[PDB]
Amino acid sequence: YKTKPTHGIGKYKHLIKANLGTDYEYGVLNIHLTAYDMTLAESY
Amino acid sequence: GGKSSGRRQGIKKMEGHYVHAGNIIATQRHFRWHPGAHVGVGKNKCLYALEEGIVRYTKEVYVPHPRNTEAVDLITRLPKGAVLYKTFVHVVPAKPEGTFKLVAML
Amino acid sequence: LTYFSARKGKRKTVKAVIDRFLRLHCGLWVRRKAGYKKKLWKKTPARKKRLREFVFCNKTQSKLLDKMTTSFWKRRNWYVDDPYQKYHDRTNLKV
Amino acid sequence: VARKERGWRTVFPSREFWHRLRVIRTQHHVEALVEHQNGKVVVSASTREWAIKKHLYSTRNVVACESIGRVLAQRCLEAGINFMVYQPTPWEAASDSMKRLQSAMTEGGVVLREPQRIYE
Amino acid sequence: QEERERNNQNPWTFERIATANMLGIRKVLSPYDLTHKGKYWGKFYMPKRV
Amino acid sequence: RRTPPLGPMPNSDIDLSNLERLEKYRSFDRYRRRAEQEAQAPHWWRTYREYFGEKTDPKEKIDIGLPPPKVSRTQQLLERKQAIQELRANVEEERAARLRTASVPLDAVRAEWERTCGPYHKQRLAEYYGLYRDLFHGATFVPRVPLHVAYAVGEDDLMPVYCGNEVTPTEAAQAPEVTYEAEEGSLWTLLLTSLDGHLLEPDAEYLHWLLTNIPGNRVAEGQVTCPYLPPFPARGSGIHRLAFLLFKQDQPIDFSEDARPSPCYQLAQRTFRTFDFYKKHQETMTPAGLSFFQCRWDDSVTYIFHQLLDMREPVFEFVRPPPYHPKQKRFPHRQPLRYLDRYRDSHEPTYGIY
Amino acid sequence: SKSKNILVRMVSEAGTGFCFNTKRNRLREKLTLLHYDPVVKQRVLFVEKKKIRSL
Amino acid sequence: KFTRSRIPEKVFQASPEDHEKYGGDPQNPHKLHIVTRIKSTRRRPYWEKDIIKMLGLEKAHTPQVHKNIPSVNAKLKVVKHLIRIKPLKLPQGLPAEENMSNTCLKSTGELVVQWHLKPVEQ
Amino acid sequence: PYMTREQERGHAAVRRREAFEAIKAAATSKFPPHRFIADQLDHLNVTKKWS
RNA sequence: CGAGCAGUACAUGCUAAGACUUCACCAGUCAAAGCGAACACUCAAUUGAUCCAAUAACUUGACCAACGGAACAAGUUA
RNA sequence: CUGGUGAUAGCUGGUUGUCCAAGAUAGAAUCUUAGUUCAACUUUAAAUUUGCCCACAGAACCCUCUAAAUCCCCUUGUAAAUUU
Ligand SMILES: [Mg+2]
Ligand SMILES: [Mg+2]
Ligand SMILES: [Mg+2]
Ligand SMILES: [Mg+2]
Ligand SMILES: [Mg+2]
Ligand SMILES: [Mg+2]
Ligand SMILES: [Mg+2]
Ligand SMILES: [Mg+2]
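Residues numbered from 1 in each chain as written, not as in the entry; some residues may be left out. Chains lettered and ligands numbered in written order. Part of a larger assembly, values for the part shown. Heavy atoms only, no water.

Determination of this PDB entry was carried out by cryo-EM to a resolution of 2.9 Å, according to the record.

Next up, the structure:
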């Protein structure tokens, strides 16, 4: 209850939820793996 | 233009009230209060006492059933160490199931 | 309601009450549920269970039905093998 | 005739039982417990004790799980506990090690379903 | 403003009376007055009110 | 109006700044294991354990058993490690373990179990039955000395009593065969009491067997303080539990006051309290063994009440409280016709004055 | 408000005369259900006989 | 909306400067109150009118003695703006059975057990 | 306050319970008054006259 | 901004403590135990009383939508 | 014009000795909002025992946060309350 000290004990929504690349960290990297063998690309 | 009236839903028996088997504790649109010890749930999320005793409200750890996909999908996305709490209503039985009485001397 | 008839000068009984209600001699009135034969295909078994049962009227309705019937319907009857014979008297009733 | 803690319909596991067989299988050990509704533990059987560890090639395989049930079933009969419930998750129920643990309890004389409470 | 509140020689203040419900004054006051402390009346602000 | 919490919040330690780079649960089992950990911890708010959990005194319960044995962990650990390598070295065991066909001998497992951790499981099991709660008013002890009690049924079968197993009075009609490991020159005291067998005083208990100053394992040579009396649980009284107590005596004790005539068929003398009996003998005696079994009613109990006890057998019946009905009202609104039957005593027709 | 479903009556094949009304799709063959018959206290076959009304 | 008023617990906490103005003693609190209604219950909420009846303060300017206990003080804290509270002083002590007919409550709060109506000879 | 909440509890239970029983006794003692034969005969004095 | 449905069942069987209730009534809602079986359906609303009519019984019948519903009746007047 | 006819009017108006006592504002349905029925309130009689005031404890998360408070309520102060 709101007036009780245990108010908000059941809150969970902020726990779950609540590109640009800066000069120090790269934004998004795409790694392309070209190989004649299908299994080698899947394994790597 | 739609006209409607309140459903008179809420707590029917507060903390410490004495209830009998079948007494309705709370009527809810959604699971605001979860059934605890000796408390059943009806079709419309209605909480009724399964035993005669005193109604208690506590906070307990919420561990959903594995079959419930929506609730399981929620706890799996929680940060490690987080625990969910929800309000449970319990009925503490007052009388024993029965007593042994002498009926004959054979 | 005819409080004084034009030929006998005595109170009459509304026959719309006799064909719908049953009066236990204790004072209670027993009726049916409005709609226990209507649209039973769209009703749940729990709903139909409480529709095909006989219920009692309240204080105001029982007082209303007493004024609409004469003393012939309030007398004690001794029908042979009457289904409601045991319900004509209250047991262990206080105040 | 003793009342079971009915309720807890929206949470898991249930509490409508007198005794529960709870199996704890960790990274290295496998442990099975029989505990009362109030939380007190009746009997125990784990791979940590030297009695069962000295006869197991591995304490984390199916054989270890099956061996715990055979040891626990003897302890359940001696303790007087003959009926208890088992409440596994859908993946634990489908697992092979839990299936043989259930078989060991059943072959040991323990029924994995408690008799219904008598109300009248 | 902080100086005026400290050196005010009047022993009676709006905050003290409103909070303690002295003379049953809350019957003619407002719930917002418990925080405004008499410095605000509608959309107007009164800097001279302590 | 708001009130600050009286203690730390459950999810207060979690930092919301870097929520994206925080490890999640990703599974139901990982959350469940953590969820149970916090459910067993004290909390400043109302909890299920507060109202339903069995209340216990904050004072630690005492231990009145024999001192724990002294074992060198380093030597114990090394010998255990060596056996594991030999077992895993064999290729037959690994093949059987991989094929899920290997099995352990259950008889050999219990032999080691009873010597290492058997007494500790018995203490935990005895606490569940509340034997320490009733016999010693909460005082606990570890049954360091295993006790083997078995009843001779016929000429070839035996009914062992380990801890709370079901034993019928017909099988327990004669004195059981009592064997236990003991050294020569030591004095022991066997004791059998029925906590629930009493018919008048719920607290008091009935004595069934009492032997004192037993030299070594030779139970027969011990003094017969009280003749053996079979359990007599009344019919319909439920399940009674009888506890076998094995005591270790340091000096010879005189039990003239606790002695009873042979035979003793009077329930006034058969009354026995373990707490008071042990209280005046605790100086020269210390519990060492423990065993108990559950007992029901059978046909042999009728022989005990009539022939042995010379009394009529009492019959009990489990009586439930009468069903609750609200106060009857003159005009029950919207109530079914069966409302009047709830408050009607006799099911037969009544006529009153007529 | 097109009538997609119709109300039909299922008559027990046990000869007890017990019948119950159920709702079925109009564009469908006659149903043959296995319903409980209180007269014989067991589940018996039922057959659609007459359409009551269009829902 | 106008509702019941919750007086903060801080208000009913005597400061050191208050004891030197009213002459009270925190270590030896007075046993009884002398409550006198000096304001009308008219134009006041119904819950304040009920408490006045419960305290036996129907007639104004009629002293009534109440016990200095938290439950009674709880009702006083609701109608503290309609009443005057004074401690009961007993310089001569509690009245005896032979002094019941000779008591008199003065305006100073003192209950004397010897009411002679005679000038002091001193 | 002279006493705390704990000390005050139950210090007036006996008097309050006895005070309510007086209300119960007064409420449950309501009954029509006694009718005396003397009062019926005293109405005959209305015709009392001198000789 | 919606609703006047639809879908899955065919024990969506029969009975019966104790309660909720749209501020009355009507109506509506939940339900332990028990018999009988198996090993109180989903859905915010998704609905209509009495009389009467049809039927062997069961049961069914109104955009009675002016939705507590009159068996059937418009306009105009300076 | 007479008779039915003292037509009917949810509408207007009127309603005749003395004295005392208790006594005002939740609603629902309705060819209904100028009306009526039920409930609430009020009155009288009766029966019974608790009634009011109220210490903790207790009453949800959401859309992120946020009011005066309210419900429940032992003591205690009080004398009412429920039922017929
Ligand atoms: Mg109502
Ligand atoms: Mg209409
Ligand atoms: Mg209408
Ligand atoms: Mg309506
Ligand atoms: Mg013209
Ligand atoms: Mg007229
Ligand atoms: Mg009108
Ligand atoms: Mg007046």
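Now, onward.
Right, let's get into the protein's contact with RNA strand K. Lining the immediate surroundings of RNA strand K are 54 residues, of which A:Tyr1, C:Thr60, F:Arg1, H:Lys67 and H:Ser71 lie closest. At the protein interface, 63% of the atoms of RNA strand K within 4 Å belong to sugar or phosphate. Between A:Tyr12 and RNA strand K, the recorded distance is 3.3 Å, taken from a backbone N or O atom to a phosphate oxygen. The contact in question runs from a phosphate oxygen of RNA strand K to an N or O atom on the backbone of F:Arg1, over 2.5 Å. Counting residues per element, the ones that place at least two in the surface near RNA strand K are β6 (53–61) of chain B, β2 (64–67) and α3 (70–76) of chain H together with α1 (5–8) and α2 (13–28) of chain I. Broken down by element, the surface near RNA strand K gets its largest block of residues, eight residues, from α2(I). Across the surface near RNA strand K, the residue classes break down as 18 nonpolar, 14 polar and 22 charged. (Near = heavy atom within 4 Å. Polar contact = N/O pair within 3.5 Å; in protein donor to acceptor, adjacent residues only side chain to side chain. Helix = DSSP H or I, 4+ residues; strand = E, 2+ residues; numbered from the N terminus. Nonpolar A, V, L, I, M, F, W, Y, C, P; charged D, E, K, R; others polar.)

So, on to the sheet that holds β2(H). Residues and elements named next belong to chain H. Spatially, the three strands line up as an open sheet ordered β2-β1-β3, and their pairing is antiparallel. Two strands bound the open sheet, and with one partner strand each, they are β2 and β3 (83–87). Shown here is a sheet whose adjacent strand axes are inclined to one another by a mean of 35°, direction ignored. Examined bridge by bridge, strand β1 (residues 32–37) and β2 share four bridges and lie antiparallel to one another. Residue pairing in the sheet places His 33 in a bridge with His 66 of β2. (Pairing = 2+ DSSP bridges. Axes fitted to C-alpha atoms, helices over the stretch in contact; angles between N-to-C directions.)

Moving on, we come to the packing of helix α2 (residues 62–79) of chain D against helix α5 (residues 106–116) of chain F. When two helices pack together, you describe them by how their axes are tilted relative to each other and by the distance separating the axes. Taken N-terminus to C-terminus, the directions of α2(D) and α5(F) make an angle of 65°; their axes are 10 Å apart at the nearest point. Taken together, the axes of α2(D) and α5(F) lie roughly perpendicular to each other. As for how α2(D) packs across α5(F), the hand of that crossing is right-handed. Contact residues: α2(D) offers D:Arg70, D:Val71, D:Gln74, D:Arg75 and D:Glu78, while α5(F) offers F:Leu106, F:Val109, F:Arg110 and F:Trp113. Considering only residue class, the contact of α2(D) with α5(F) consists of four nonpolar, one polar and four charged. (Parallel < 35°, antiparallel > 145°, perpendicular 65-115°, else oblique. Left-handed = near helix turned anticlockwise from the far one by under 90°. Contact = heavy atoms within 4.5 Å.)

All names here are of chain F. Here we have three strands laid out as an open sheet, ordered β2-β1-β4, and antiparallel in their pairing. Bordering the open sheet on either side are β2 (157–161) and β4 (177–179), each of which pairs with just one other strand. Taken pair by pair, the neighbouring strands of this sheet meet at an average axis angle of 30°, ignoring direction. Judged from the three bridges that link them, strand β1 (residues 148–153) and β4 form a sheet pairing that is antiparallel. Paired with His 148 across the two strands is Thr 179, which belongs to β4.

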